[PDB]
Amino acid sequence: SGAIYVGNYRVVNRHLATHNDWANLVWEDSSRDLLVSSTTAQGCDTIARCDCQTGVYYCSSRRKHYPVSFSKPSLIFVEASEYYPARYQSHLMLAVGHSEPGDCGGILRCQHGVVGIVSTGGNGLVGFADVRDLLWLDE
Ligand SMILES: Cc1ncnc(C)c1CC(=O)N1CCC[C@H](C(N)=O)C1
Ligand SMILES: [Zn+2]
């Protein structure tokens, strides 16, 4: 589990979205596994606007933050799950690091702010759905 709270927005994994996220849907993209919904309370998370390839992520399954090097946002093929058939997921960044199903939602951060959230994993690799290109989250 895990979300990003910026302004009047809540960003979550699309596969983890609630009935309330869908009833107040702003934008959603299956190819990215992202869903943004509106909120009444104001969010204080800062989104990074950068091209960093190093950061720190929160790993729920170990209650630890881990430093990682991560690839640039791209189309990476993701194995079939109870949420999606086997497809290419776009805007995905990979890193060598631990992840278990249940770790989706954990935030990835650099010195500039919030980079993205855990979205894929397995084989000792972890995937992060990037949010830095979503310039509208700040307006
Ligand atoms: C299998 C597995 N191992 C280790 N870590 C994780 C997070 C996972 C879970 C994972 O990769 N999923 C399941 C939920 C939907 C995801 C998606 N973006 O399509 C894919
Ligand atoms: Zn950065």
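Residues displayed in chain A correspond, in order, to Swiss-Prot positions 869-1007.
The deposited model was determined using X-ray crystallography, 1.6 Å.
Cβ coordinates are placed from backbone N, Cα and C, and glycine is handled just like the others.
According to Swiss-Prot:
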- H883: active site, for protease 2A activity (ACT_SITE)
- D901: active site, for protease 2A activity (ACT_SITE)
- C918, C920, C978, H980: Zn(2+) 1 binding site (BINDING)
- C972: active site, for protease 2A activity (ACT_SITE)
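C978 (Zn(2+) 1 binding site) falls within a strand when secondary structure is assigned with DSSP.
Residues from the recorded positions list (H883, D901, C918, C972) with a C-beta closer than 6 Å to any atom of ligand 1: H883, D901, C972. Across the structure, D901 (active site, for protease 2A activity) and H883 (active site, for protease 2A activity) are spaced 6 Å apart at their Cα atoms.
In the three-state DSSP reading, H883 (active site, for protease 2A activity) counts as helix.
For ligand 2, the neighbouring recorded positions among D901, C978, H980 are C978, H980, by Cβ distance under 6 Å. Neighbour density around each Cβ, counted as other Cβ atoms within 10 Å, peaks among the recorded positions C918, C972, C978 at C972. The C-beta environment of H883 (active site, for protease 2A activity), restricted to residues of the same chain at least 6 apart in sequence and closer than 8 Å, consists of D901, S949, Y951, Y952, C972.
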